[PDB]
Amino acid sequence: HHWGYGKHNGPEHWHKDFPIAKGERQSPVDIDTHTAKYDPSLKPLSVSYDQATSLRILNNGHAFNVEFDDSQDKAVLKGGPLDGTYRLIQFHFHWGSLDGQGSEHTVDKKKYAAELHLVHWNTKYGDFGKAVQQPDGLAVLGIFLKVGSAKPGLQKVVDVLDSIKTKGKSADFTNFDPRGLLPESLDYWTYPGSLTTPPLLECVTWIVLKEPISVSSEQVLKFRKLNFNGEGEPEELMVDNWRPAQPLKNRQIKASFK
């Protein structure tokens, strides 16, 4: 039936409706830090989120998305392995039912508690729909979340989760500054991949930050109270909305640091 993360409609079943699931540049992947090629030609990443305009938080049945006004170059990602300007359209997380899993990408087979995906699309393509039809249409900045001290910047998000507990619910969520979610360092690994949830389009230049951000146990706990189901249906806790690592195949993961 409709795709999900359960036994009967999960990642292992995706290839049936989305043949690209078994494609050449699927994400996420395991970042083998020792096979990763340090690349001194990679520029530093440039994250300009000062003019960021968040609009709302939406529980879409598979995660909760914080959407941003991407009608202008308000919050953009440039540099690094990117050619051109990528606009922030939304960010979401993938988390586990337990702290030892939840990330999509793994570093040396290590799973983090969650993974923040700041989704950007290449402005040369005009709109998000067009960019998803291009090899370099998307740039997702992935940030690992490890359980530790609270990330103050993530608290506004956590607080509004009560309002969007079920599928389909949305809440006004303005004046949220995504810079509060960035780790201290912007070093990254980059490789060409795809969306990690159907349609699994292979339009993503993945920029996975080396340094994770730490969030508190209480914070990730509130993620786990979200529901996959809509209001009125049997309750299915939104946890483990992550896709397992896919074969790297003919790809090289480059690193911006030694």
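Residues carry their position along the shown sequence, with the first being 1.
- Stretches 222 to 230 and 199 to 207 differ in mean CA B factor, with 222 to 230 having the higher one.
- As recorded in the PDB entry, 1 to 9 is the stretch of 1 to 9 and 247 to 255 with the greater mean C-alpha temperature factor.
- Reading the B-factor column for the CA atoms of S185, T85, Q101, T106 in the entry, the top value corresponds to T85.
- The residue among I213, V29, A52, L58 whose C-alpha carries the highest B-factor in the deposited model is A52.
- For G137, the recorded CA B-factor ranks within the lowest third of the chain. Only modelled residues enter the ranking.
- Split the chain's modelled residues into thirds by C-alpha temperature factor. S170 is in the middle one.
- Sort the chain's modelled residues by C-alpha temperature factor and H94 lands in the lowest third, per the entry.
- Per-chain ranking of the deposited C-alpha B factor places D159 in the highest third.
- Remark: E236 belongs to the highest third of its chain, ranked by C-alpha B-factor as recorded.
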